[PDB]
Participant: 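Pasting in a structure now, in structure tokens, and then I'll have a few things to ask.
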Amino acid sequence: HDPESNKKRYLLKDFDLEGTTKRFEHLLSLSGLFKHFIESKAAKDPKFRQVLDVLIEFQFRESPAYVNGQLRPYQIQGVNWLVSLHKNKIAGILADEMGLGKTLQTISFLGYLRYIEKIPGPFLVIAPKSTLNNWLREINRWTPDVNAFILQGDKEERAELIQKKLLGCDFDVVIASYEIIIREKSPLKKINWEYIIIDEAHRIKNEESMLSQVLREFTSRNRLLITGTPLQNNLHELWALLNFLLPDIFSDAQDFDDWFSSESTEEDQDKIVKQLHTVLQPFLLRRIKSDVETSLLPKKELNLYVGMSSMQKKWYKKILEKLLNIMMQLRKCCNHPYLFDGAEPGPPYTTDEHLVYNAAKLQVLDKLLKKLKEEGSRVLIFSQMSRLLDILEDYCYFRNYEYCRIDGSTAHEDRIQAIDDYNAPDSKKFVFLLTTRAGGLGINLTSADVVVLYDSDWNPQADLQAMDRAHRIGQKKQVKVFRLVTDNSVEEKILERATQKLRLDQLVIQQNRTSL
Amino acid sequence: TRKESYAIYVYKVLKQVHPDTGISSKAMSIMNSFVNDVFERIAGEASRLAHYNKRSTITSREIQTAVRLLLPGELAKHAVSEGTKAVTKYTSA
Amino acid sequence: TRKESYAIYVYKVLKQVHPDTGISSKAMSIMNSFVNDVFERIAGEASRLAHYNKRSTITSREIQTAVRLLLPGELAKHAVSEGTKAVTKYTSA
Amino acid sequence: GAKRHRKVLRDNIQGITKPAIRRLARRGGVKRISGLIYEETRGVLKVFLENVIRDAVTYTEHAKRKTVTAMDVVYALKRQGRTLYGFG
Amino acid sequence: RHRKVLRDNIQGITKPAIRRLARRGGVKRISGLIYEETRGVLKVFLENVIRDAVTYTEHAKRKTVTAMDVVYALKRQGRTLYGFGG
Amino acid sequence: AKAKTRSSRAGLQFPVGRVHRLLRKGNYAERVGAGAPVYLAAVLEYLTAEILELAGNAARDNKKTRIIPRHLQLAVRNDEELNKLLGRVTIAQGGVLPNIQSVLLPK
Amino acid sequence: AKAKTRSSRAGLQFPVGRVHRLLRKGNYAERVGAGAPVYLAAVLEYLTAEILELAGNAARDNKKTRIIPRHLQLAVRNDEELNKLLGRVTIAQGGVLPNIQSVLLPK
Amino acid sequence: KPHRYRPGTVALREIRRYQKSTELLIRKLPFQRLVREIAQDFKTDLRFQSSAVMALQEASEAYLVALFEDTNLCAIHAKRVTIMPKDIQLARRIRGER
Amino acid sequence: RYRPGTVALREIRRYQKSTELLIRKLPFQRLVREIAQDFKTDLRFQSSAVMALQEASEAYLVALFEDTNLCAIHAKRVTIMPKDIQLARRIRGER
DNA sequence: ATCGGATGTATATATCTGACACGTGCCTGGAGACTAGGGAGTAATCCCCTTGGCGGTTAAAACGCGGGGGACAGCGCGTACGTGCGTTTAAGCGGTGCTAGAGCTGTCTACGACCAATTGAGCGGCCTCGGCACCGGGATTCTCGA
DNA sequence: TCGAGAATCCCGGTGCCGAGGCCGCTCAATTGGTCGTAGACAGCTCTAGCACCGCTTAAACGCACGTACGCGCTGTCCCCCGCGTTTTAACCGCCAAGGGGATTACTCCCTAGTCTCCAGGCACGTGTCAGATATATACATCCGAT
Ligand SMILES: Nc1ncnc2c1ncn2[C@@H]1O[C@H](COP(=O)(O)OP(=O)(O)O)[C@@H](O)[C@H]1O
Ligand SMILES: [Mg+2]
């Protein structure tokens, strides 16, 4: 409790079978395939076979009394699932959709840990830099009686905070960004870390990441991950998530890969995914976004199969035949020919109609913006290239519409000002330029209703997150996705690969939450 | 006895680039030493190149590269043109 | 993929001059380059020296004259003495 | 408008910053530096770099490769008479 | 040979000769202290070149220093000379 | 079975057989290709003609018929490519280019 | 019989056999003698021992037990004849000798 | 009034702190960009290695330091302490480069 | 009576146009074969060898005096002083 | 601003001497078979490159300003050079004699090339634990304005 | 001028990564034997290097005189350094997918080397003659004093 007294519990003044035995005892109650990993890394790893060879219910009905305000019943179910997860010496992944509310559930579960079994910290929380304040606010609001600091600033400020509170053990939560964890590990490697919580666990995918390696060096009683969408593209990434969760069990990537992904059985189908549902049922929890929400109506996603232009065809053939050193050149040409140097006609440059018809997509694009403009709609172009987004900006100038652009080079204050002015009440702002993988999740463009994915991405999750900039809670009229695809080109290839990835994700995970 | 020299050939070139002038003995000795020095420089560069590339033979490609590496600019390109012309004429005969 | 170098030999030489003293990788590479360069200089000078006298063999006499030509001043007589000592010991054993 | 003509990317020779020339000058051991030194330095640097790179590219062209190597750079320096120890 | 070995022949490189060398170099006005410096630098240059030439001629087991040995010594020092063979 | 020289076949003046023998006996490589002597002889002949034309022009400017080391030196030092090629070379009985610094001349 | 390396038979540390093979493969002459590799190995050993002794002295002066390119450079440039031998050589990750002209010092 | 160092006493301190370190004094990425720009004027469609660029940078900085030393001697010979482009031109012309 | 500088310029123009050797032959030969006796006793010299030595020496000295003159000009003088020769040799790398 | 001298600069004429053409031998380059091994062509393969975009830290880099000291110019002056004239002296030349010792030829033998078997030395792969880099903090030293 | 105030050196503590052993294997040294053939040694020879010696006469030496130039001193700007904001770009960490150069491993052909002859091109020795000095002489032109 007292800083000096709590120093005796925080700092680390000093084959963990002690919890491993109970872990396996509870885990083998399910299907026997769970022990296949250990029967593999027992011949592979003899030291871990010493536990296999030998071999409280708190439903927590109502919303926590110790927290402020009322807590939603589905969040009650989630936090009870976290409680059950704790009282089994196992760790899981909460995977509710963005905006459903996960920070509240996590901090309510921490309040459980602190006020029902009396362990006031330490707790490490890792999140993207933009979210830290939005964590501290809920920390102070829902359970006010707790101390926490953001551990931010220049070297001097962070060192002062470390000396004042970290080594002095004057905290309960030590919320810190992804970069801070790497920056200061030695001062932070020894707090014994009851839990380590990672919001937006999409970052921890590659096992060779510096963040991954650093996090493996930490010593913690138990872990936890928060992430809206696990398994973006591959299955090995989900394996990496699970491996970080429980390295005792998921210590064999090749096993899981050859099990489903690296080798899909030559049977008809679905036996292996039934076994996957059995395996991951106790580990990962996810709920349908539309399970309790009504409100947001579903999106009217459409494809506009545009052709090609004469100059576009010429350039595309010139690229196909064989200064340019990638297949992405095809994606540039299929996108807009002006990206190349010399395509623009003449050292004198103009802005008249000589660009609209020269680009295949932008013709139908202009038609659709017009048709919506005499209908009272706003546009959220999400191209994949900032350089091309300049071309679209020039075109919008020619048509005399209103910019509001946030690329990756837009300063944070400029970003928030643009969000404010566009999302403001009635204003002269027709189109909203934006690059898909920009801004993180701190954008709430709920005023508009029409989004046009100008290009397509390799993984569908990026597009889905981009489409959530207008389909989140809030906007309650209509959503019209208008992704543009050009036929007989590499764009068809990337669309097909994205579709197969989305189907894989659907079958693997999007059948669990139906049972959940 | 019978010391070889490039005189008889330097004279043949001279009485086609200026078929009216002559050349003194000291000048001819200087020309001979110049030809020998350039030969040694080019051949040494070519041998070093062949040794670098693990090759066991010296051929027109190494000779051309050594020329292009030792002569400056216009001399290099003109000498390369002359060498390739001579090699093609030799092979087509 | 084998790649030879004088690393073990330079290390053996170091361990008898400064018995308790290591050497980093970059210094090792620099010493290897130094040995290769000195070998190339001496061998090239010996080759030229044998060519001037119309000999076909490189022998200890050419090597000694080459080290006298290349090494500076007082650094040359110690190398010559070491070479003669080694040659006599080898030819007597 | 007309943003499709983005920038100039002023000059990679101007990428050699005045503090960098000043640091090299300090290592050389000079006390006061005139204001016009920073252009002569860039000129001589560019001349030297082209002279070395021409021979390095010649070597890598002869070898029928497409990647200039540290060995090619070392050979070019040796040819110019600037032997470099430490790269092979 | 045994011909009454002499000294101070560096004084044979006389002041007017040094002045003529300076004039061919393009020097208009000459300070009076330059002659000893010139004698020193000439003596150093000659010592180096003659050392190399004598090394060559002694390796060839000869007793006569030849223009070819001198040319080889100059080329070894990096001052290639045209007009005496080679 | 009449014998005609490789120089005649290649249309050169310099000897190709002698260059081949020098390359073989000079301890440059284990083997010597067939086109290397032709290429090297052509290059040598080109360089000789290039320097010797300039020498003849200098001799004509000096109103002389036979060229001398002074004319050779004048040609080499006046032509910049040749001056860079023969930078570290001294020519016997050559001399210097007429050159006086502007500061030394009277006002 | 029993093999005995030529290095051991000559009382050296450097590889006499490897030196002999490099001398035969380097296109230096048609034949190589028997004592030439021994002489060359002895010379190389002497030079490397000298430079390493100076470098170790420098490293011990800097209170360190590894020789680094800084110590190699500092040992080479502080010896007049070694520096003359390596006048045109540059040592990577080396440096310069601490040297400030006396005119530049404060009055 | 805050204390101030007299002109030159910080230049001397920088001199003796830079004649004692060993690292490279030019930034890495700008030098790499300059190298690629120069190289793409002899034959297009080449690539370099990190070790090649490091060796080239090492040789380059050695060249410029060795040039600045002779520039300093020329400036001192001219009864000065400030190095000027005249000094670089003289040092390069005497050295034989140009 | 001419004024200081006129005869010097005339001499510069005269000696930059000639080709012969500016050092007497026997004094230089005596110097050469006195220096030679420090390396081996009872040597003989080819006349061609001595002439090659003389021409190399003269070329070296003229090329040194040109750089010495440039050093003197750089310091706003027209008189060459020993410091100029020392600076030229030091820059050139000989010292 | 014009004269009076001294110094190249053309213009003729005689004199060698050293390029240039011619004849003679022989050594080397060309023609022709024969052969083997170097290098060219094919194909796996695989790791690192490429292009376009993103987010965050944190020093360097760029800029502005004051002010000091250094460069640059001008002035005096007092040597230290240049120029010119006699006076010796030693180089340069022509000639001669002598002998050391470069240079060539013949024999033959010791020693390097080449090849087959054999086997230790050295190189690639792997692992670990000290040497050195980095970070307070305390003491010492050095500069600058009283 | 001594006492701030700043910068640097010198002590402990981490901590981390590369240097330095240890091991297996494979491939170049090593040993023994055979066979040309370079070079080593004797002998000869004839060339050129060395040593005097006399004569001429240009170049070096010594000394005078008198400018002009190198060096020291004094002002005056101006421009470069030291220092405090503030701005940005280098430098990490990432994603997403390719494919393209670089590197073995193998087969086979074709172009080098190696011989044997044998003409003919080039080196050597000789014998002109005309190109380049070697004197003279008149003219142009700078230079320095009027
Ligand atoms: N009393 C409450 N009960 C449930 N949810 C709430 C309550 N008050 C606020 N919330 C919501 O909980 C949400 C937390 O979700 P958010 O901050 O978007 O992060 P995430 O999307 O990761 O869950 C907030 O957006 C907030 O609107
Ligand atoms: Mg969230």
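Below, all heavy atoms of this structure are taken into account, side chains as well, without hydrogens, waters or symmetry copies. By convention in this document, chain letters (A, B, ...) are assigned in the order of the sequence lines, proteins followed by strands, and residues within each chain are numbered from 1.
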Participant: Can you tell me how far P of K/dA58 sits from NZ of I/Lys25, to the nearest Å?
Facilitator: 16 Å
Participant: I want to verify a distance call: between K/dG5, J/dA71, J/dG69, whose nearest atom is closest to the H/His3 side chain?
Facilitator: K/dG5
Participant: For the side chain of A/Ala438, counting heavy atoms from C-beta on, which of J/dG55, K/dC81, J/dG39 is nearest?
Facilitator: J/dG55
Participant: Can you find a pair of side-chain heavy atoms, one from A/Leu132 and one from A/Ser177, that are under 4.5 Å apart?
Facilitator: yes
Participant: Pick the nucleotide of DNA chain K nearest each of H/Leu12 and C/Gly22; which residue has the one closer to the 5' end?
Facilitator: C/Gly22
Participant: Pick base, sugar-phosphate or nothing for H/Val81, based on heavy-atom distances below 4.0 Å to the nucleic acid.
Facilitator: sugar-phosphate
Participant: Considering every strand and a 4.0 Å limit on heavy-atom distances, what is the contact class for C/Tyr6: base, sugar-phosphate, or nothing?
Facilitator: nothing
Participant: With the side chain of H/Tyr5 defined as its heavy atoms from C-beta on, choose the nearest nucleotide among J/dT83, J/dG92, K/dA6.
Facilitator: K/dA6
Participant: Give one of base, sugar-phosphate or nothing for A/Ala462, where a contact means two heavy atoms less than 4.0 Å apart.
Facilitator: nothing
Participant: Indicate yes or no: at least one non-hydrogen side-chain atom of C/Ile23 is less than 4.5 angstrom from one of C/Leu14.
Facilitator: yes
Participant: Under 4.0 Å, heavy atoms only, any strand: does E/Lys15 hit a base, just the sugar-phosphate, or nothing?
Facilitator: nothing
Participant: Are I/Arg24 and J/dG92 close enough that a side-chain N or O sits under 4.0 Å from OP1 or OP2?
Facilitator: yes
Participant: Mind checking whether A/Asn325 and H/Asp45 have side chains closer than 4.5 Å, heavy atoms only?
Facilitator: yes
Participant: Tell me what A/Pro128 touches on the nucleic acid: a base, only sugar-phosphate, or nothing, going by heavy atoms under 4.0 Å.
Facilitator: nothing
Participant: How about E/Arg20 and E/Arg23: do any of their side-chain heavy atoms sit closer than 4.5 Å?
Facilitator: no
Participant: What is the distance from CZ of A/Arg203 to P of J/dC54, rounded to the nearest Å?
Facilitator: 17 Å
Participant: What's the closest nucleotide to the A/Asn325 side chain, out of K/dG49, J/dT50, K/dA38?
Facilitator: J/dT50
Participant: It should be established whether C/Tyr9 places a side-chain nitrogen or oxygen under 4.0 Å from OP1 or OP2 of nucleotide J/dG122.
Facilitator: yes
Participant: To the side chain of A/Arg497, which of K/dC16, K/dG98, K/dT31 is closest?
Facilitator: K/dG98
Participant: When you check the phosphate oxygens OP1 and OP2 of K/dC25, does a side-chain N or O of C/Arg2 lie under 4.0 Å from one of them?
Facilitator: no
Participant: Respond yes when some side-chain nitrogen or oxygen of I/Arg3 is under 4.0 Å from OP1 or OP2 of K/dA145, and no when none is.
Facilitator: yes
Participant: Judged by atom type as modelled, is there a donor-acceptor pair below 3.5 Å linking the side chain of B/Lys15 to the main-chain atoms of B/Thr21?
Facilitator: yes
Participant: Nearest to the side chain of A/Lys493 - J/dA71, J/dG30, K/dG98?
Facilitator: K/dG98
Participant: OP1 or OP2 of J/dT51 less than 4.0 angstrom from a side-chain nitrogen or oxygen of A/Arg331, does that happen here?
Facilitator: no
Participant: Measuring from the side chain of A/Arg183 (C-beta onward, heavy atoms only), which nucleotide among J/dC104, K/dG70, J/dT58 has the closest atom?
Facilitator: J/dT58
Participant: Counting side-chain heavy atoms from CB outward, which of J/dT57, J/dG101, K/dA97 is closest to A/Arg158?
Facilitator: J/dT57
Participant: Are I/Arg33 and I/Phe45 in a cation-pi contact, defined as NZ or CZ under 6.0 Å from the six-membered ring centre and within 45° of the axis?
Facilitator: no
Participant: Can you tell me if the side-chain N/O atoms of E/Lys63 get under 4.0 Å from OP1 or OP2 in K/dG49?
Facilitator: no
Participant: 5'-most contact on DNA chain J: C/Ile8 or B/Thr21, nearest heavy atom basis?
Facilitator: B/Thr21
Participant: Within this structure, what is the NZ-to-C1' distance between C/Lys26 and J/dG131, rounded to whole angstrom?
Facilitator: 19 Å
Participant: Look at A/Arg437 and K/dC95 and indicate whether a side-chain polar atom (N or O) is within less than 4.0 Å of OP1 or OP2.
Facilitator: no
Participant: Given atom CD of A/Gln465 and atom P of J/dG53, what is their separation to the nearest angstrom?
Facilitator: 21 Å
Participant: Taking only side-chain nitrogens and oxygens of D/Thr67, does any of them come within less than 4.0 Å of OP1 or OP2 of K/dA102?
Facilitator: yes
Participant: What does A/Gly439 touch in the nucleic acid at a heavy-atom separation under 4.0 angstrom: a base, only the sugar-phosphate, or nothing?
Facilitator: sugar-phosphate
Participant: Can you tell me whether the side chain of I/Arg1 and the base of J/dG84 have a donor-acceptor pair closer than 3.5 Å?
Facilitator: no
Participant: Salt-bridge test for F/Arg24 and F/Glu30: reply yes if a basic N is under 4.0 Å from a carboxylate O, no otherwise.
Facilitator: no
Participant: Could you give the CE-to-P distance, from H/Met84 to J/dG70, as a whole number of Å?
Facilitator: 12 Å
Participant: Check whether A/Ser209 reaches the backbone of A/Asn206 with its side chain - one donor and one acceptor, N or O, closer than 3.5 Å.
Facilitator: yes
Participant: Can you tell which of J/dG122, J/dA6, K/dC50 lies closest to the side chain of G/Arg18?
Facilitator: J/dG122
Participant: NA contact type, D/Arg26, heavy-atom cut-off 4.0 Å: base, sugar-phosphate, or nothing?
Facilitator: nothing
Participant: Determine the contact category for A/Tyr178: base if any of its heavy atoms lies under 4.0 Å from a base atom, sugar-phosphate if only primed atoms, P, OP1 or OP2 are that close, otherwise nothing.
Facilitator: nothing
Participant: What does A/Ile494 touch in the nucleic acid at a heavy-atom separation under 4.0 angstrom: a base, only the sugar-phosphate, or nothing?
Facilitator: nothing
Participant: Answer with base, sugar-phosphate or nothing: what part of the nucleic acid does I/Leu26 contact at a heavy-atom distance below 4.0 Å?
Facilitator: sugar-phosphate
Participant: Under 4.0 Å between a side-chain nitrogen and a carboxylate oxygen: does that hold for C/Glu4 and G/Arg21?
Facilitator: yes
Participant: Output the rounded distance in Å from CE (A/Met210) to P (K/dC92).
Facilitator: 10 Å
Participant: Does A/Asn206 make a side-chain N or O approach to OP1 or OP2 of K/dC94 shorter than 4.0 Å?
Facilitator: no
Participant: Taking 4.0 Å as the cut-off, does a side-chain nitrogen or oxygen of H/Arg16 come that near to OP1 or OP2 on J/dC142?
Facilitator: no
Participant: For K/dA60 and E/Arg20 - does any side-chain N or O of the residue sit under 4.0 Å from the phosphate oxygens OP1/OP2?
Facilitator: yes
Participant: Hey, does A/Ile182 reach any base, or is it just sugar-phosphate, or nothing, if we go heavy atoms under 4.0 Å?
Facilitator: nothing
Participant: Verify the contact: side-chain N or O of G/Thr65 to OP1 or OP2 of J/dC132, cut-off strictly under 4.0 Å; return yes or no.
Facilitator: yes
Participant: How many whole angstroms separate atom CD of F/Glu30 from atom P of J/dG39?
Facilitator: 8 Å
Participant: Rounded to whole angstrom, note down the P distance from K/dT114 over to K/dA38.
Facilitator: 13 Å
Participant: With respect to the phosphate group of J/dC81, does any side-chain polar atom (N or O) of I/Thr79 fall under 4.0 Å of OP1 or OP2?
Facilitator: no
Participant: Please work out if A/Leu324 contacts a base, only the sugar-phosphate, or nothing of the nucleic acid, heavy-atom cut-off 4.0 Å.
Facilitator: nothing
Participant: Looking across every strand, which nucleic acid part, if any, lies under 4.0 Å from G/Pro15 by heavy atom: base, sugar-phosphate, or nothing?
Facilitator: nothing
Participant: Between J/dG112 atom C1' and C/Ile58 atom CD1, what is the distance in whole Å?
Facilitator: 14 Å
Participant: Taking any heavy-atom pair under 4.0 Å as a contact, classify B/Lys15: base, sugar-phosphate, or nothing.
Facilitator: nothing
Participant: When you measure from the side chain of E/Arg19, which nucleotide among J/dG82, K/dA96, K/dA29 comes out closest?
Facilitator: J/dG82
Participant: Closer than 4.0 angstrom, basic N to acidic O: yes or no for A/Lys129 and A/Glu179?
Facilitator: no
